[PDB]
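When a residue number appears, it is its place in the shown sequence, counting from 1. Just so it is clear, the values below take in all heavy atoms, side chains as well, and ignore hydrogens, waters and symmetry mates. First listed ligand is number 1; within each ligand, the first listed atom is number 1.
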Amino acid sequence: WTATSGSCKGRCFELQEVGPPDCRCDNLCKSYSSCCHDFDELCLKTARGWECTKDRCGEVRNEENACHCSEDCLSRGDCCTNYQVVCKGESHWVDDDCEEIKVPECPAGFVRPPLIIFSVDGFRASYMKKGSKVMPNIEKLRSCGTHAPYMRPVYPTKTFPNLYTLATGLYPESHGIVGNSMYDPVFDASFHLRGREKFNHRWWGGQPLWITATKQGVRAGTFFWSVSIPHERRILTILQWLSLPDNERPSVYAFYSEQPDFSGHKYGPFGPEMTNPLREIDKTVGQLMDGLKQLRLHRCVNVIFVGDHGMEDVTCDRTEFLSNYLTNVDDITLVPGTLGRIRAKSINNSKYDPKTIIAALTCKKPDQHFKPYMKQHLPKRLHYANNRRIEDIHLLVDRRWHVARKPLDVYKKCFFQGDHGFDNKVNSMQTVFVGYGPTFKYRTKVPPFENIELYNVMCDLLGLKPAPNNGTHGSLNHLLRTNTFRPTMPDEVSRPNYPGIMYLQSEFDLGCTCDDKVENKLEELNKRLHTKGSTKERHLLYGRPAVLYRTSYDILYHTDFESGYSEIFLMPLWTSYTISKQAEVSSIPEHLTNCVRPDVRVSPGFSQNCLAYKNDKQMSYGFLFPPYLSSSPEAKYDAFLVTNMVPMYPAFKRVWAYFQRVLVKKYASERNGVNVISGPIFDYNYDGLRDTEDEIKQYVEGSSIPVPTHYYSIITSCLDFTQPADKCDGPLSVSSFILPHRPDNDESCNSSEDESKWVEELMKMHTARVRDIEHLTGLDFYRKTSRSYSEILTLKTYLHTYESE
Ligand SMILES: *[C@@H]1O[C@H](CO)[C@@H](O[C@@H]2O[C@H](CO)[C@@H](O[C@@H]3O[C@H](CO[C@H]4O[C@H](CO)[C@@H](O)[C@H](O[C@H]5O[C@H](CO)[C@@H](O)[C@H](O)[C@@H]5O[C@H]5O[C@H](CO)[C@@H](O)[C@H](O)[C@@H]5O)[C@@H]4O)[C@@H](O)[C@H](O[C@H]4O[C@H](CO)[C@@H](O)[C@H](O)[C@@H]4O[C@H]4O[C@H](CO)[C@@H](O)[C@H](O)[C@@H]4O)[C@@H]3O)[C@H](O)[C@H]2NC(C)=O)[C@H](O)[C@H]1NC(C)=O
Ligand SMILES: NS(=O)(=O)CCCC(=O)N1CCN(c2ccc3ncn(CC(=O)NCc4ccc(Cl)c(Cl)c4)c(=O)c3c2)CC1
Ligand SMILES: [Ca+2]
Ligand SMILES: [Ca+2]
Ligand code: NA
Ligand code: NA
Ligand SMILES: [Zn+2]
């Protein structure tokens with residue numbers, strides 16, 4: 001109950017919300033149906049529109065008008081945004097030449113440059129170029145400030161998950177807003193875009209920027225807006241707040257536009273109807289910039305122009321129906337559209353079974369336009385599993401398509417021609433980033449980056465300490481003129497042992513055999529040098545990885561590769577080797593096909609054993625450094641050391657063997673040499689973080705050998721490919737992957753075909769950032785390079801997406 005009988009007189013757009021049952025006058029009161037009786041009359045004035053005209057100049061103030069052109073409006077802070085242009089001979093901001101803002105030029109009483117975040121829903125990255133002729137204000141921000149060619153949203157590429165990620169720096173699985181619609185089984189409650197449940201703070205985790213600011217004594221209200229407040233009134237309200245007295249004025253402001261998303265759903269991303277919404281958003285930016293220029297703030301404020309996601313062509317005819325696959329379609333609840341989430345309709349139905357649902361949805365139709373996954377099997381780059389609100393069964397829907405439960409869902413709901421939500425690497429889902437102001441660089445283009453990084457930069461812009469988040473603080477330092485965050489490398493926690501030869505062959509009883517008993521002072525000292533690290537500068541190009549947790553491990557050197565061998569997990573944490581452009585691929589010789597060799601540097605008690613693999617009828621093994629890439633027939637023996645072996649399902653070995661035999665050499669040819677670091681990952685609780693030993697759910701039968709959930713590789717070369725990977729003078733180039741270690745290839749519908757037709761496609765889907773691997777392994781890479789630490793942080797956040805232009 002609201003006592004709407006109170007009044008908004010002197011309170012319009014108050015920043016402190018008042019508590020029930022008292023009526024409200026803040027920018028959210030409409031959403032709650034709680035505005036005072038006179039809020040429209042007092043706070044939503046519209047008389048005479050939003051622009052000054054010649055006849056209004058020097059008018060006698062009339063408090064009914066939406067905005068003012070009287071002589072007193074500048075001191076009242078409530079002129080129409082074009083007042084100085086119409087009445088005082090001034091130019092529009094867009095018509096002024098751009099001039100570098102080398103220092104903030106702020107009025108007295110300003111303690112720091114304010115930050116204004118201007119968020120545009122559904123603003124596809126390519127609009128910046130394709131729409132540039134009709135968006136002169138935005139084009140001036142972009143060209144004069146700092147811009148990326150695109151910014152990558154989080155998955156799912158929906159509004160609320162992305163706007164809340166922008167505000168918190170967190171993945172949706174950690175902030176909790178994991179879709180526009182959600183069921184939380186603990187709350188037993190549902191969240192929707194429409195309605196009031198979403199007002200309850202229990203859904204919204206993390207610490208959004210307005211709260212971070214407020215806790216540290218920087219004034220900031222929430223970034224939400226009631227939809228019925230027109231954009232022109234939102235801009236005027238921002239300009240009015242900026243005219244508050246020093247002690248009352250916020251330092252951070254947010255404008256939100258429901259366009260171009262609204263029209264894009266109706267018309268498609270490039271519908272001819274889309275020009276007008278882009279014009280209208282540009283006009284709104286022009287109002288803000290003109291208004292700042294009136295207030296002498298246009299060379300003081302930092303402005304961020306940022307989108308939440310793009311928009312793809314999607315029509316009702318491109319819908320897959322689960323009723324065409326499942327017999328039991330009435331026993332499931334589907335969250336539908338550009339992604340699918342499936343759970344049981346009734347928790348009382350114990351004949352519901354996810355295994356049979358996944359199987360009924362896997363590769364059933366030749367052109368199938370969605371792929372089912374248990375959430376833990378989704379690509380790790382999506383970071384979309386560790387939340388009870390994310391259903392165990394997920395459908396990744398092809399771009400341009402929808403999934404629905406039954407046909408009647410789609411016509412008892414063609415209306416729409418655009419939609420979004422798909423995989424966040426999809427080109428149509430990319431969105432925009434421009435930063436303009438004293439703290440941003442001048443006329444600077446930066447590489448594409450992810451939106452999870454922006455919270456830290458906004459904290460830097462405001463002098464705030466960010467709450468713990470998923471950005472990598474410092475990775476966007478190259479966007480900023482000043483206020484950079486100079487991170488230090490994390491301290492290594494465990495130092496390695498460097499074992500020498502300490503065991504005789506007969507001390508091992510591993511059940512392994514190798515035909516290696518076939519026998520020189522020149523080449524004995526040489527092999528001894530290799531075991532002491534003489535080739536290490538060739539194969540470990542960027543220093544050894546640092547181990548950032550407590551563990552027991554050994555560094556093992558070899559002619560062709562170096563590894564960090566874990567005495568706890570009985571296998572390497574990492575294996576590093578360089579393959580030059582000139583490297584030759586060879587076979588595993590016949591007599592060495594089943595060869596595994598005890599490593600006389602490592603105790604039998606800390607080694608794997610062949611008998612475990614013989615006995616585990618499900619599990620085979622592979623090697624981290626590939627025998628195919630040995631430098632000589634004699635060095636090849638090192639590749640069959642028990643310390644280079646890792647457990648692999650036979651179905652996974654098809655993938656791994658093709659990567660090692662064919663693709664590494666292909667990359668070395670294309671990139672002019674590559675350095676490869678490969679290793680296992682254990683993430684049985686799917687939290688994106690390294691498992692401790694007591695979290696391992698599966699071992700090689702009858703042994704303490706843990707089975708990885710994934711295998712990674714990080715593939716590094718010189719950005720200037722005229723220089724070989726091992727003699728690189730400048731910046732680096734990287735691609736990485738985190739492949740799921742699965743006992744079938746049900747994910748790859750074409751797996752019955754030769755690996756050349758499906759394996760690289762699998763790998764591309766499971767592309768990763770080095771930072772993703774760092775979280776999953778507790779390792780810190782690139783510790784010894786000639787590059788600045790911020791540049792290396794940017795390199796660790798890079799994702800190779802395999803999308804075209
Ligand atoms: C992305 O960045 C984020 C932010 O840095 C990373 O997430 C952090 O990761 C930590 C590890 O997973 C996690 O630390 C845990 O915090 C527990 C206290 O949690 C509360 O307090 C914090 C701080 O204010 C708060 O942010 C939390 O918010 C979560 O929960 C609420 C709902 O309750 C949500 O609204 C919110 O969205 C968020 O949910 C997310 O995180 C939780 C886990 O906290 C998930 O369950 C959700 O699905 C969702 O993803 C909380 O309100 C603390 O209790 C933990 O301590 C346990 O483990 C330690 C290890 O040191 C052990 O020593 C302790 O004994 C303890 O164990 C006991 O509890 C166990 C569980 O019941 C039990 O089994 C044992 O037997 C013991 O009794 C732990 O320290 C931190 O909370 C999150 N923060 C956030 C915001 O998500 C994220 O990892 C990054 N991602 C990647 C890929 O890098
Ligand atoms: N973690 S915490 O404890 O600090 C709690 C944080 C959440 C919170 O403060 N509330 C309290 C206020 N609630 C609320 C009330 C009225 C509303 N009226 C309109 N709209 C539409 C809109 O603004 N869309 C654009 C939009 C802009 C920014 C973003 Cl980030 C997002 Cl996602 C969407 C709303 O979303 C809306 C929301 C949400 C929960
Ligand atoms: Ca949106
Ligand atoms: Ca884990
Ligand atoms: Na076996
Ligand atoms: Na298959
Ligand atoms: Zn939308």
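Applying the salt bridge (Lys or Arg N to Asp or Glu O under 4.0 Å) criterion to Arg661, with sequence neighbours excluded, gives no partner residue.
For the Na ion (ligand 5), the count of nearby protein N/O/S atoms, taking only those under 3.0 Å, is 3.
Counting heavy-atom neighbours within 6.0 Å of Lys364 NZ, excluding the residue itself, gives a total above 12. The environment of CZ in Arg550 is crowded: more than 12 heavy-atom neighbours from other residues, nucleotides or ligands sit within 6.0 Å. The number of heavy atoms from other shown groups lying within 6.0 Å of CG (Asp509) does not exceed 12.
Across every non-hydrogen atom of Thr643 and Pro572, the tightest pair is O-CG, 3.2 Å. Heavy-atom minimum distance, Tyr565 versus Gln608: OH-N, 4.3 Å. Taking all atoms of both residues into account, the shortest heavy-atom contact from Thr777 to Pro680 is CG2-O, 4.1 Å. Scanning all heavy atoms of the two residues, the minimum distance from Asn386 to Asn685 falls at ND2-O, 4.5 Å.
Around the Na ion (ligand 6), the protein N, O or S atoms found under 3.0 Å comprise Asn745 O, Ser748 O, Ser751 OG. Distances from the Ca ion (ligand 4) under 3.0 Å pick out these protein N/O/S atoms: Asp683 OD1, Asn685 OD1, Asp687 OD1, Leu689 O, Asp691 OD1.
The aromatic rings of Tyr503 and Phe508 sit perpendicular, their planes meeting at an angle over 60°, well past the 30° parallel limit.
At a threshold of 4.0 Å, the pair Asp353-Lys355 does not count as salt-bridged, since none of the basic side-chain nitrogens sits closer than that to a carboxylate oxygen.
Because its NZ or CZ atom is both nearer than 6.0 Å to the ring centre of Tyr325 and within 45° of the ring axis, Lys365 counts as a cation-pi partner of that residue. A cation-pi arrangement, defined by a distance under 6.0 Å to the six-membered ring centre and an angle within 45 degrees of its axis, is present between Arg690 and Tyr549. Note that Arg388 lies in the cation-pi zone of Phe187, set by a 6.0 Å cut-off to the ring centre and a 45° limit from the axis.
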